[PDB]
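Scroll down for the structure; my scribbles are underneath it.
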Amino acid sequence: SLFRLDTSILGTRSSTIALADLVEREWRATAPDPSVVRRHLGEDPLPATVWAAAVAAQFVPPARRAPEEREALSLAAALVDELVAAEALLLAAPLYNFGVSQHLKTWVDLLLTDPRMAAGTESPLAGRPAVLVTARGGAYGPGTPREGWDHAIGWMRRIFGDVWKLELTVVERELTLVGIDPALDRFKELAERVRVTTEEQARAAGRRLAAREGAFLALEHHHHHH
Amino acid sequence: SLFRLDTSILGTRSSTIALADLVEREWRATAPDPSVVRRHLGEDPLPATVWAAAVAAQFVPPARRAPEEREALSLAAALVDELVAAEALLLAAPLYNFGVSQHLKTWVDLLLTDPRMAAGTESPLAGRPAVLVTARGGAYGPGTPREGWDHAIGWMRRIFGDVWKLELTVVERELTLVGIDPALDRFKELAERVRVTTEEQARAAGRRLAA
Ligand SMILES: Cc1cc2nc3c(=O)[nH]c(=O)nc-3n(C[C@H](O)[C@H](O)[C@H](O)COP(=O)(O)O)c2cc1C
Ligand SMILES: Cc1cc2nc3c(=O)[nH]c(=O)nc-3n(C[C@H](O)[C@H](O)[C@H](O)COP(=O)(O)O)c2cc1C
């Protein structure tokens with residue numbers, strides 16, 4: 001099955017929801033399991049109290065735990081349950097105020113309270129494919145005035161890439177505030193070609209996710225010594 | 001007055017609360033208008049629904065806004081009020097899961113929905129002194145396997161330094177899990193020696209804040 005996490009708060013005007021939708025159409029089209037499990041933290045955020053309670057329970061004989069502590073670690077397990085149930089991941093995290101979504105950080109903070117996701121434990125997701133959909137208002141690449149101002153990209157890549165050891169495909173649509181903020185009207189055409197191109201890339205990542213089981217069984221080089 | 005923010009969820013065991021007191025002690029003791037307004041997002045988190053509500057309200061005509069939409073923009077205005085009202089700032093944010101405190105970003109997200117904090121407007125806090133107390137369980141210095149693995153320090157510096165234009169002094173304690181993680185006993189005395197140093201760095205910051 002595919003697991004889909006949306007974190008956008010802008011509803012129907014969401015670039016990330018729209019790009020993720022194009023990825024999902026491709027999954028359902030070519031995937032052996034077109035099934036999709038979804039969670040929308042943007043509409044249904046995880047409460048801001050449950051993390052602290054889980055961190056406390058984490059080292060307490062389960063019986064000496066308190067109502068909120070237990071309910072907190074139970075919820076952590078349900079969220080891990082969803083990730084370990086999916087053969088592939090679609091995670092849509094837009095750029096807000098130069099950093100991580102409050103909703104994405106919350107979700108990840110609480111996941112990492114579940115024993116199966118602690119530190120030093122082997123990721124139960126290693127090798128599994130993930131498409132990450134981000135968008136930005138302005139342009140953030142090398143040589144722009146906003147180079148190194150996306151403090152989110154690197155964090156999500158360390159968690160999904162280096163910690164969870166997921167196989168990561170990234171779809172970034174920059175210039176989503178072009179036509180919205182006049183100060184970016186020197187970008188009108190660039191912004192358009194960017195959109196069309198990243199729409200294909202979102203279609204592309206969906207096709208590639210769908211076929212990853214096949215592509216792994218067709219893989220022969222396994223670096224045995226010789 | 002002094003404005004103090006805590007984000008720690010560790011209570012009695014916080015390295016950042018401990019270090020932040022050292023700054024505040026220097027304030028109250030040797031500072032004029034020595035009053036201290038404080039807010040502990042670790043004990044009293046801002047609701048997780050309030051940022052979206054404030055962002056959405058700005059698209060609904062004012063005359064027809066929903067109480068929850070009006071209520072969120074009021075709360076944003078009150079957190080801005082706190083900051084605009086202080087001569088100095090004391091902001092304590094630990095490193096959590098390689099990234100930013102979930103509560104610090106919510107607070108910053110909802111601050112920036114107020115029209116005084118908005119893009120294109122001048123920082124109403126520009127030039128104001130600010131001490132940032134942060135702590136790490138590991139060592140994230142140049143030359144270490146964990147270099148570039150603190151994705152928080154850069155982001156807080158962008159908001160507080162580059163957007164808010166505060167004259168920002170950072171006090172940072174590392175190796176806060178030496179003694180808790182058995183695999184760090186190779187640092188028992190170094191760990192202790194960074195503690196006493198950052199404590200004195202914390203007292204230093206206080207004095208110059210009070211000056
Ligand atoms: C509260 C808020 C903060 C934003 N912060 C940034 C920012 O720091 N940098 C940026 O390039 N765009 C920023 N944007 C613009 C968004 O990145 C853009 O609207 C993007 O499409 C958001 O994804 P979504 O539409 O799927 O929610 C922000 C938008 C909002 C509503
Ligand atoms: C949920 C959680 C996540 C943490 N993640 C990290 C981390 O990614 N890197 C690190 O060096 N320390 C990490 N630590 C340890 C903290 O850096 C250390 O405990 C610090 O002193 C916390 O600040 P506080 O005591 O003021 O809350 C983490 C601690 C907790 C409770």
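The chains in the structure tokens are called A, B, ... from first to last as shown; in each chain the residues are counted from 1, and the ligands are counted from 1 in the order shown.
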Select from chain A every residue with an atom at most 9 Å from any atom of chain B, then for each give the shortest pair of atoms and their distance in Å to one decimal, using only C-alpha atoms, rows by chain and rising number, as CSV.
residue,atom,partner,partner_atom,distance
A:9,CA,B:52,CA,5.9
A:10,CA,B:56,CA,7.8
A:42,CA,B:52,CA,7.8
A:43,CA,B:49,CA,8.5
A:44,CA,B:49,CA,8.2
A:45,CA,B:48,CA,6.1
A:46,CA,B:48,CA,7.0
A:47,CA,B:48,CA,5.6
A:48,CA,B:48,CA,5.5
A:49,CA,B:45,CA,6.8
A:51,CA,B:9,CA,8.8
A:52,CA,B:9,CA,5.7
A:53,CA,B:9,CA,8.9
A:55,CA,B:9,CA,8.4
A:56,CA,B:10,CA,8.3
A:96,CA,B:109,CA,7.8
A:97,CA,B:109,CA,6.8
A:98,CA,B:155,CA,7.1
A:99,CA,B:155,CA,6.5
A:100,CA,B:100,CA,7.8
A:101,CA,B:105,CA,7.9
A:102,CA,B:102,CA,5.5
A:103,CA,B:48,CA,7.8
A:104,CA,B:102,CA,8.7
A:105,CA,B:102,CA,5.7
A:106,CA,B:102,CA,5.6
A:108,CA,B:97,CA,8.1
A:109,CA,B:97,CA,6.4
A:112,CA,B:97,CA,7.9
A:149,CA,B:158,CA,7.7
A:150,CA,B:155,CA,8.5
A:151,CA,B:155,CA,5.8
A:152,CA,B:151,CA,7.7
A:154,CA,B:151,CA,7.1
A:155,CA,B:151,CA,5.8
A:158,CA,B:149,CA,7.8
A:159,CA,B:98,CA,8.2
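Those residues in range 13-221 of chain A carrying a DSSP assignment of strand (DSSP E or B), computed from the backbone, are residues 36, 37, 38, 39, 40, 88, 89, 90, 91, 92, 96, 99, 129, 130, 131, 132, 133, 134, 135, 167, 168, 169, 170, 171, 172, 173, 178 and 181 of chain A.
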Selection to disk with N, CA and C atoms, as a PDB file, in the first residue's frame:
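Output file out.pdb is given in full below:
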ATOM      1  N   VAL A  36      -4.297   3.162  -1.011  1.00  0.00           N
ATOM      2  CA  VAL A  36      -3.655   4.358  -0.409  1.00  0.00           C
ATOM      3  C   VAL A  36      -4.238   4.582   0.982  1.00  0.00           C
ATOM      4  N   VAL A  37      -3.363   4.681   1.979  1.00  0.00           N
ATOM      5  CA  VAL A  37      -3.707   5.136   3.354  1.00  0.00           C
ATOM      6  C   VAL A  37      -3.258   6.586   3.455  1.00  0.00           C
ATOM      7  N   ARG A  38      -4.103   7.433   4.016  1.00  0.00           N
ATOM      8  CA  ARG A  38      -3.776   8.869   4.029  1.00  0.00           C
ATOM      9  C   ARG A  38      -3.967   9.468   5.420  1.00  0.00           C
ATOM     10  N   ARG A  39      -3.226  10.537   5.668  1.00  0.00           N
ATOM     11  CA  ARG A  39      -3.349  11.346   6.901  1.00  0.00           C
ATOM     12  C   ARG A  39      -3.004  12.775   6.500  1.00  0.00           C
ATOM     13  N   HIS A  40      -3.822  13.711   6.979  1.00  0.00           N
ATOM     14  CA  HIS A  40      -3.778  15.149   6.633  1.00  0.00           C
ATOM     15  C   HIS A  40      -3.654  15.924   7.950  1.00  0.00           C
ATOM     16  N   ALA A  88       5.485   1.948   0.229  1.00  0.00           N
ATOM     17  CA  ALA A  88       5.995   3.236  -0.290  1.00  0.00           C
ATOM     18  C   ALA A  88       5.320   4.404   0.415  1.00  0.00           C
ATOM     19  N   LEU A  89       5.985   5.559   0.366  1.00  0.00           N
ATOM     20  CA  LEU A  89       5.608   6.779   1.116  1.00  0.00           C
ATOM     21  C   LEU A  89       5.506   7.968   0.171  1.00  0.00           C
ATOM     22  N   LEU A  90       4.443   8.743   0.356  1.00  0.00           N
ATOM     23  CA  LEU A  90       4.269  10.069  -0.256  1.00  0.00           C
ATOM     24  C   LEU A  90       4.097  11.092   0.872  1.00  0.00           C
ATOM     25  N   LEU A  91       5.073  11.987   1.033  1.00  0.00           N
ATOM     26  CA  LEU A  91       5.119  12.980   2.139  1.00  0.00           C
ATOM     27  C   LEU A  91       5.223  14.373   1.526  1.00  0.00           C
ATOM     28  N   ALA A  92       4.176  15.183   1.686  1.00  0.00           N
ATOM     29  CA  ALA A  92       4.093  16.542   1.116  1.00  0.00           C
ATOM     30  C   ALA A  92       4.295  17.559   2.234  1.00  0.00           C
ATOM     31  N   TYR A  96       7.352  26.986   5.016  1.00  0.00           N
ATOM     32  CA  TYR A  96       6.681  28.054   5.801  1.00  0.00           C
ATOM     33  C   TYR A  96       7.717  28.773   6.671  1.00  0.00           C
ATOM     34  N   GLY A  99      11.515  27.353   7.474  1.00  0.00           N
ATOM     35  CA  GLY A  99      11.785  26.117   8.223  1.00  0.00           C
ATOM     36  C   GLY A  99      10.689  25.092   8.070  1.00  0.00           C
ATOM     37  N   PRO A 129      10.905   2.990  -0.567  1.00  0.00           N
ATOM     38  CA  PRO A 129      10.851   4.185  -1.403  1.00  0.00           C
ATOM     39  C   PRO A 129       9.916   5.253  -0.816  1.00  0.00           C
ATOM     40  N   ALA A 130      10.312   6.509  -0.968  1.00  0.00           N
ATOM     41  CA  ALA A 130       9.539   7.671  -0.504  1.00  0.00           C
ATOM     42  C   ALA A 130       9.685   8.770  -1.534  1.00  0.00           C
ATOM     43  N   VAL A 131       8.557   9.357  -1.941  1.00  0.00           N
ATOM     44  CA  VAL A 131       8.528  10.653  -2.674  1.00  0.00           C
ATOM     45  C   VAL A 131       8.210  11.733  -1.641  1.00  0.00           C
ATOM     46  N   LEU A 132       9.046  12.764  -1.599  1.00  0.00           N
ATOM     47  CA  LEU A 132       8.844  13.978  -0.782  1.00  0.00           C
ATOM     48  C   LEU A 132       8.458  15.111  -1.728  1.00  0.00           C
ATOM     49  N   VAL A 133       7.258  15.664  -1.577  1.00  0.00           N
ATOM     50  CA  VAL A 133       6.784  16.855  -2.336  1.00  0.00           C
ATOM     51  C   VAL A 133       6.952  18.110  -1.470  1.00  0.00           C
ATOM     52  N   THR A 134       7.840  19.017  -1.859  1.00  0.00           N
ATOM     53  CA  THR A 134       7.944  20.365  -1.235  1.00  0.00           C
ATOM     54  C   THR A 134       7.571  21.417  -2.287  1.00  0.00           C
ATOM     55  N   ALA A 135       7.116  22.585  -1.841  1.00  0.00           N
ATOM     56  CA  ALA A 135       7.035  23.810  -2.665  1.00  0.00           C
ATOM     57  C   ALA A 135       7.584  24.994  -1.860  1.00  0.00           C
ATOM     58  N   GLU A 167      14.468   5.383   0.511  1.00  0.00           N
ATOM     59  CA  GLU A 167      14.951   5.745  -0.843  1.00  0.00           C
ATOM     60  C   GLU A 167      14.160   6.961  -1.313  1.00  0.00           C
ATOM     61  N   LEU A 168      14.792   8.134  -1.346  1.00  0.00           N
ATOM     62  CA  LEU A 168      14.062   9.423  -1.398  1.00  0.00           C
ATOM     63  C   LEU A 168      14.078   9.993  -2.814  1.00  0.00           C
ATOM     64  N   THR A 169      12.898  10.344  -3.315  1.00  0.00           N
ATOM     65  CA  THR A 169      12.743  11.129  -4.564  1.00  0.00           C
ATOM     66  C   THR A 169      12.079  12.449  -4.158  1.00  0.00           C
ATOM     67  N   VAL A 170      12.664  13.579  -4.569  1.00  0.00           N
ATOM     68  CA  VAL A 170      12.235  14.950  -4.161  1.00  0.00           C
ATOM     69  C   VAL A 170      11.613  15.659  -5.366  1.00  0.00           C
ATOM     70  N   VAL A 171      10.448  16.280  -5.167  1.00  0.00           N
ATOM     71  CA  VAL A 171       9.759  17.147  -6.165  1.00  0.00           C
ATOM     72  C   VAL A 171       9.615  18.532  -5.530  1.00  0.00           C
ATOM     73  N   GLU A 172      10.371  19.519  -6.011  1.00  0.00           N
ATOM     74  CA  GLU A 172      10.350  20.910  -5.489  1.00  0.00           C
ATOM     75  C   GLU A 172       9.744  21.828  -6.558  1.00  0.00           C
ATOM     76  N   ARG A 173       8.592  22.439  -6.272  1.00  0.00           N
ATOM     77  CA  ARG A 173       8.035  23.525  -7.123  1.00  0.00           C
ATOM     78  C   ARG A 173       8.296  24.849  -6.398  1.00  0.00           C
ATOM     79  N   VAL A 178       4.446  33.743  -7.310  1.00  0.00           N
ATOM     80  CA  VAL A 178       4.708  34.597  -8.503  1.00  0.00           C
ATOM     81  C   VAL A 178       3.371  34.796  -9.209  1.00  0.00           C
ATOM     82  N   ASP A 181       2.638  37.789  -4.994  1.00  0.00           N
ATOM     83  CA  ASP A 181       3.439  38.964  -4.564  1.00  0.00           C
ATOM     84  C   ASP A 181       4.007  39.613  -5.822  1.00  0.00           C
TER      85      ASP A 181
END
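Distance annotation: of B:74, B:35, B:15, B:30, the residue with the minimal separation from residue 2 in chain B is B:35; atom set is only C-alpha atoms.
Between ligand 2 and the residues B:39, B:13, B:208, B:165, the shortest atom-to-atom distance, using only C-alpha atoms and all ligand atoms, involves B:13.
For range 181-195 of chain B, the non-local neighbours within 12 Å, defined as residues at least 6 positions apart in the same chain or in other chains and counting only C-alpha atoms, are residues 119 and 120 of chain A; 15, 16, 18, 19, 135, 136, 137, 138, 139, 171, 172, 173, 174, 175, 201 and 202 of chain B.
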- Task: Could you give me, as a VMD selection string, each residue of range 19-196 of chain A that DSSP assigns to alpha helix (DSSP H) when run on this structure's backbone?
- Result: chain A and resid 19 to 30 50 to 57 67 to 85 102 to 111 153 to 157 188 to 196
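Among the candidates B:196, B:178, B:90, B:210, the residue lying nearest to ligand 2 is B:178 (atoms considered: only C-alpha atoms and all ligand atoms).
Restricting the calculation to only C-alpha atoms and all ligand atoms, the smallest distance between ligand 1 and any of B:180, B:89, B:163, B:133 is found for B:163.
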- Message: Residues near residue 29 in chain B, anyone? I mean within 10 Å using only C-alpha atoms, not counting same-chain ones fewer than 4 positions away, as a ChimeraX atom specification.
- Response: /B:24-25,34,206-207,210
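Using only C-alpha atoms, the contacts of residue 199 in chain A at a cut-off of 12 Å, with sequence neighbours closer than 5 positions omitted, comprise residues 15, 16, 17, 18, 19, 20, 21, 22, 23, 25, 26, 133, 135, 171, 172, 173, 174, 192, 193, 194, 204, 205 and 206 of chain A.
Counting only C-alpha atoms, range 209-219 of chain A has the following residues at most 6 Å away, ignoring those fewer than 6 positions along the same chain: residues 27, 30 and 31 of chain A.
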- Task: State, in Å with one decimal place, the distance from atom 1 (C, counted along the ligand's line) of ligand 2 to CA of residue 94 in chain A.
- Result: 23.2 Å
- Item | Selected residue of minimal separation from ligand 2 among A:114, A:69, A:81, A:33, counting only C-alpha atoms and all ligand atoms | A:114
- Give me, please, the distance in Å between CA of residue 123 in chain A and CA of residue 76 in chain A, quoted to one decimal. 15.3 Å
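Among A:113, A:74, A:14, A:35, the residue with the shortest atom-to-atom distance to ligand 2, counting only C-alpha atoms and all ligand atoms, is A:113.
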